[PDB]
Amino acid sequence: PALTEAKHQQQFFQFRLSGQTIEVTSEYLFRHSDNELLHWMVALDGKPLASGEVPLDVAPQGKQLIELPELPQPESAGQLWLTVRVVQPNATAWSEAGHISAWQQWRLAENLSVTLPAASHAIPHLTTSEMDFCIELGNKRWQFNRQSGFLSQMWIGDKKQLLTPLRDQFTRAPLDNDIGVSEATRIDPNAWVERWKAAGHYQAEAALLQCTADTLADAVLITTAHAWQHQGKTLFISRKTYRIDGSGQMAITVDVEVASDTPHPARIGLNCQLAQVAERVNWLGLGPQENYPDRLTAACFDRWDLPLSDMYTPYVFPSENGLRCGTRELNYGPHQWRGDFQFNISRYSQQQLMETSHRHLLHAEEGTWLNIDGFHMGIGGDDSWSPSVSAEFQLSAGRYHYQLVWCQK
Amino acid sequence: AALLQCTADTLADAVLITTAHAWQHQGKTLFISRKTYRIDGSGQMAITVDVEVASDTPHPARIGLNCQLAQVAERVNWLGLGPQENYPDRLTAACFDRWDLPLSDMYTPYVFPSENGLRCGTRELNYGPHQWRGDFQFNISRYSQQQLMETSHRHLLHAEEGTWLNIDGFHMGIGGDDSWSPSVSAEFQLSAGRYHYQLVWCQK
C-alpha cells in the first residue's frame, strides 16, 4: 500500500487550486510535458457531476494555468470534490498507455444538510429484564447485555447479527514501528508496545459504571458508562449513548476520557464480530487502498468497492492493517454505518494478529471483524527502532468524542 | 438561526431538551448546531453542543455560547490557565491554578476596543451563584461583542447592564507575525468541520 504514498509524494506535477484556476507546476528539469494531459472531475459525495480533459503543455520547471468551466452547482447536501489526474496518452519505454503519473484532490463547495429526518409512525418498544434491554422495532431487535453494558446481540428478522458484542477498543495489533527493537528477552522500554503493555492497555477490563434505559417520545435511549481499569488505576472512561429511533437507526455517541499520565492509546473506537460474511465492501471515503492518519495524502475521496479480501493487507509479519480513513459511509452485507470514521474490516481479530508470527499461520475466523475508529494514532516510520510518531498524530487530547449511525441500510 | 428541530422529553430522572439550528446567510447554511440539555434531579444542566461548519466558509472565529447574566458579581473565581488573558496560541506563560480576580481585571483595556480577556483551559468557573464545569475557554465582561466591535475608542465603552459571558468550546488563534497579512497558523484555525463540547451549568 505504502508504495502509492511514495508515488504521490514524488510526483512531478504540483497543483495549486485557486477558484477556478488550477496552477500546474512541472518539476521536470529537462523534458517538456509532451505526453501528458490533465483529466479532471467534479463529484458530489461520490457522484460524478462534471469532467473534462486539458492537454498539459508545461515547459521544464514552468507553469500552466488551467481554468475550469463554471463548475456544477452542488445539487443538494454534500461535499464537492475536485480531482485532477495527469495521464500519459502514449505508452513509453517504461509505461503503458494511459499511465497515471500525478494526481491531486481538493474540497470545493459544501452544503450542510439542514434536512430534518422524516418522522416515523413507530416507537421501538423497550422490554426490560434483569439480564438485558430488549428493544424491538418491526423485525429488528437489539439486546443490550445489562450485566456488561454492551450491545450484545441484534436480530434482523430472526438472524443474529453479532458473534461478539460491540465493545470499546483501545489497542492496536502492534506494528513494526510500535515494536521496534524490543524483544521478549531484551525489552526496550521506549517502544510504544512496551509502554502499552506496561500500562496494561492490553489487559484493562471494563467495569460497568452506569447503566440505564429510557423511553423518549420517539426513541429508546440507552446510556452506559465503563471504566477501563488496570491494577486499580482507571485508564479510560467511556460513556456511550444509543438512540434507537423509529426508523430503525441506531445513533451511537461515544465520549472517552484518557488518563493523562497513561501512554496515549493506540486507537479510540469500537469493534465487534459480525455473523455475516459478505463478498464486497462498499464505502465512501479515502481509498481505495490502506491509509493511515499520517499516510493519507495519496488516498482519494470517493466511492470505493472492493472484494473483502482486498481490505486485508497480507504483511508477512501479521499486524494491524487495512485501516481506511475519512469514511463517511460504510456498506457491508446488510449493514450501513454513517458518520466520520476510520474503519478496518477483516477476518482476523486484533488478538489473532497480535499473537501470530507469520502471515501463513493466520486463520480466517468465523464471521467478520469490524473495527470502527473515531480516532487512531499515526503509524510513524522515520525509523523502526525509536518511537517516531509525531506529536500531532498521537492521541493526546485527553477528551474524545465521536458519533456513529448504525442502521440496516 | 433557523430553528430546525425542537423537542422535549422526560427521562427516568431528567428532562431532555433537544434542538437544532441552521445558521444561514443568503440561502447558504454556514453552521448547523445541535444541542441537548439534560436537566437532572440535582438541578444541574448538562449541555451538549455539536457544530457542523460548512467547509467552504472561512473558518469561524469561535465556537461557543453566550448570554447576558442579570447578576453582576464582584469576583470571578475559576480553575484554569491564568491569571491573565491567554489565547489558544498564546498560552505558554499561563499557569493552571485556582485564580480569583475582581471582575474588572477580567477586562483588558485595549485602547482600540476588541475581543479581549479570554481565559483558556478552564475546568471550573464560579461567578455570583453560577458554576460552569467542563473544559472551555471563557470571556466574562461588561461589554457585548457587538459593542466592542462598534466602539472605536476604549473611553467610549459603556458598561452594559448585567454581565456578558462567552463560553467557547473552541477559539481561533489570534496570530501576530504581522498585522497586515493573515498570520494565524493552520493548527490554530477552526478547520476541523465537526465540533463538539460539553458544559455543565449548575447553580453552585
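Per the deposition metadata, cryo-EM was the technique used to determine this entry, at a resolution of 2.2 Å.

Caption draft 1: Examining the sheet that holds strand β7 (residues 99–111) of chain A more closely. All names here are of chain A. Across the sheet, four strands lie side by side as β4-β3-β6-β7; this open sheet has antiparallel pairing. Here the strands that pair on one side only, and so sit at the sheet edges, are β4 (47–55) and β7. Shown here is a sheet whose adjacent strand axes are inclined to one another by a mean of 15°, direction ignored. As paired elements, strand β6 (residues 78–88) and β7 share ten bridges and run antiparallel to each other. The residue of β7 that forms the bridge with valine 84 is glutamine 104.

Caption draft 2: Summary view of empty space enclosed by the protein. All names here are of chain A. Tallied over the entire structure, the rule returns five cavities of 30 Å³ or more. Space inside the largest cavity adds up to approximately 60 Å³. Around the largest cavity, the lining is made up of 13 residues, and of these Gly180, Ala191, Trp385, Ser386 and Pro387 lie nearest the centre. The element contributing the most residues to the lining of the largest cavity is helix α2 (residues 176–179), with three residues. Among the residues forming the lining of the largest cavity, the class breakdown is six nonpolar, five polar and two charged.

Caption draft 3: Looking closely at the domain arrangement of chain A. Residues and elements named next belong to chain A. With domains assigned, chain A is organised as domain 1 (11–116) and domain 2 (117–409). Averaged C-alpha coordinates put domain 1 and domain 2 at centres separated by 35 Å. Taken together, both faces of the contact between domain 1 and domain 2 bury some 670 Å²; the carbon and sulfur share is 59%. At the boundary of domain 1 with domain 2, the tally comes to three residue pairs in polar contact.

Caption draft 4: Region of interest: the layout of surface pockets. Residues and elements named next belong to chain B. Considered as a void within the structure, the second largest pocket measures approximately 1100 Å³ in volume. Together, 41 residues line the second largest pocket, and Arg62, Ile63, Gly64, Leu65 and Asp168 are the ones closest to its centre. Listing elements by their share of the lining of the second largest pocket, those giving two or more residues are β2 (14–25), β3 (28–40), β4 (45–53), β5 (62–69), β10 (163–171) and β11 (194–202). Counted by class, the lining of the second largest pocket contains 25 nonpolar, ten polar and six charged residues.

Caption draft 5: Fine view of the sheet that holds strand β5 (residues 63–67) of chain A. Residues and elements named next belong to chain A. An order of β1-β2-β5 is seen for the three strands of this open sheet, with the pairing classed as antiparallel. Strands at the two margins of the open sheet, each flanked by one partner only, are β1 (13–18) and β5. Ignoring which end each strand starts from, the neighbouring axes of this sheet average 20° apart. When strand β2 (residues 21–26) meets β5, the two strands line up antiparallel, connected through five bridges. Counted as the bridge partner of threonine 25 is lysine 63 from β5.

Caption draft 6: Structural context of the pattern of salt bridges. Residues and elements named next belong to chain A. Counted by the stated rule, this structure contains 28 salt bridges over all chains. Notably, a salt bridge pairs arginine 107 with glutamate 110, separated by 3.3 Å at the nearest N-O pair. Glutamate 110 sits in the buried class, given a relative accessible area of 10%. Through salt bridges that share partners, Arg16, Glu23 and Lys63 make up one connected network.

Caption draft 7: Up close: the environment of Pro117(A). Inspection of the secondary structure assignment puts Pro117(A) in the loop between β7 and β8 (125–128). Taking C-alpha positions, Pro117(A) is 9.2 Å from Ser247(A), a pair spaced 130 residues apart along the chain.

Caption draft 8: The interface of chain A and chain B, seen in detail. Taken residue by residue, the interface counts 20 residues in chain A and 25 residues in chain B. Here chain A and chain B share an interface that buries about 1600 Å² over both sides, 53% of which is from carbon and sulfur atoms. When residues of chain A are sorted by the area they lose upon contact with chain B, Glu110(A), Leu112(A) and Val114(A) head the list and together hold 34% of the total. For the interface between chain A and chain B, the tally reads zero salt bridges. Scanning the region where chain A abuts chain B turns up eight residue pairs in polar contact. Breaking the side of chain A that touches chain B down by element, the ones donating at least two residues are β7, β14 (205–216) and β24 (399–407) of chain A. The element that contributes the greatest number of residues to the side of chain A that touches chain B is β7(A), accounting for five residues.

Caption draft 9: Local environment of the side chain of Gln273(A). Residue and element names in this part refer to chain A. With respect to the helices and strands, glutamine 273 occurs in strand β18 (residues 267–274). Here the side chain of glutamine 273 touches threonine 164 through a polar contact of 2.7 Å, side chain to side chain. Among residues more than four places away in sequence, those in contact with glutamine 273 are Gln161, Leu162, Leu163, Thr164, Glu365, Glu366, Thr368 and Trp369.

Caption draft 10: Broad picture of the pairing of β3(B). Residue and element names in this part refer to chain B. Pairing of β2 with β3 involves twelve bridges; the strand directions are antiparallel. When the sheet's bridge partners are listed, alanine 14 is paired in β3 with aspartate 40. Where β2 folds back onto β3 in an antiparallel hairpin, the turn is made up of two residues, including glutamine 26, whose phi is positive at roughly 50°. Relative to β4, β3 is paired through nine bridges, and the arrangement is antiparallel. Paired with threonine 36 across the strands is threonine 48, a residue of β4. Taken together, β3 and the strand that follows it, β4, pair antiparallel across an intervening segment of four residues, in which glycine 43 is found at a positive phi of about 90°.

About the thresholds
Residues numbered from 1 in each chain as written, not as in the entry; some residues may be left out. Chains lettered and ligands numbered in written order. Part of a larger assembly, values for the part shown. Heavy atoms only, no water. Pairing = 2+ DSSP bridges. Helix = DSSP H or I, 4+ residues; strand = E, 2+ residues; numbered from the N terminus. Axes fitted to C-alpha atoms, helices over the stretch in contact; angles between N-to-C directions. 1 Å grid on protein atoms, 1.4 Å probe; cavity = no way out; pocket = protein on both sides within 12 Å on 5 of 7 lines; lining within 4 Å. Points joined across faces, edges and corners; volume = space filled by probe spheres on them. Nonpolar A, V, L, I, M, F, W, Y, C, P; charged D, E, K, R; others polar. Domains from an automatic or database assignment. Buried area = accessible area lost by both parts, 1.4 Å probe. Polar contact = N/O pair within 3.5 Å; in protein donor to acceptor, adjacent residues only side chain to side chain. Salt bridge = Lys/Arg side-chain N within 4 Å of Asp/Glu carboxyl O. Buried < 20%, exposed > 50% of the residue type's maximum accessible area, 1.4 Å probe, protein only. Contact = heavy atoms within 4.5 Å.

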